[PDB]
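The chain below stands alone, shown as structure tokens; this is the form deposited in one PDB entry.
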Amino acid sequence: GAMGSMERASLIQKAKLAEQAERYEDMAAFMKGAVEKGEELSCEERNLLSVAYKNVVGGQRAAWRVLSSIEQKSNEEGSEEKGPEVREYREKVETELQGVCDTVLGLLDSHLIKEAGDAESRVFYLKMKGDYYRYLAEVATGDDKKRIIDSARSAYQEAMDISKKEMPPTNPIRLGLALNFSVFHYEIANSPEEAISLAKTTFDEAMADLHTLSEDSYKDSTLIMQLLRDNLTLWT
């Protein structure tokens, strides 16, 4: 690893600098280096890891969508033949995206998940596993696709089971997990009714627990609840 010679603490410091500079590929590489030191990650460090890779894969996903739309239009009747270039370049972006997803999944498997015993860490990592399989599913074609979809589902379901047993219904990790699993149902699994049910139940159970919270915790939870509401408005 190119980061093998750098101190763990220096990697974390530089990840924070890279975030401030909006250098997310650098941020991700620093955080990968930190994970590969072999120690467990703190809450803050888990968030740095997530932010870094979310921003990298988010740019790739957006690019893929642009290119896929151009490719689909090329395949309409009356569209002039333009050669292999759109497909080739879509495939290039796709392969790079898959590579980033495989890198994240690899970190989770070696060895973040197996060392994570506390509910906050275990749920966090299992949610990430679901998310990165979901991104793989977005570009998958076939029943290859089926096994990827099932991997996402399984990770999300294990995270949900732990979160319901171990965390309050307002916990931001639990809420963001439920939000993302509802998106999985709607966008990936062709299960809009399951998506809507999950978002509704999650919102309502969180609303009933807000009275327990401090001002600052209330703000954190209500931010995510608003996203559940925004999806329900789009979907109904």
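By rigid core we mean the largest C-alpha set that fits within 1.5 Å across both forms. Quick note: we count residues from 1 along the sequence shown, nothing fancier.
Modelling of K92 is complete across the other compared entries in which both of its neighbours are modelled; not even a third of them leave it out.
Notably, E120 is never a gap: all other compared entries of this protein, restricted to those modelling both its neighbours, have coordinates for it, so the one-third criterion is not met. Mean CA temperature factor is higher for 64-72 when stretches 189-197 and 64-72 are set side by side in the entry. If you average the C-alpha B-factors over 90-98 and over 139-147, the higher value belongs to 139-147. Going by the entry's values, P168 shows the largest Cα B-factor out of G38, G33, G176, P168. Looking at the C-alpha B-factors along this chain, the one for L228 belongs to the middle third. Among the modelled residues of its chain, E81 has a C-alpha B-factor that falls in the highest third according to the deposited record.
Sort the modelled residues of the chain by CA B factor and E120 lands in the highest third. Sort the modelled residues of the chain by CA B factor and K14 lands in the lowest third.
From this point on, the text means the form deposited in another entry, which you will not see here.
Among the residues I12, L213, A18, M225, the single one whose Cα moves by at least 2 Å between this form and the one not shown, once the core is superposed, is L213.
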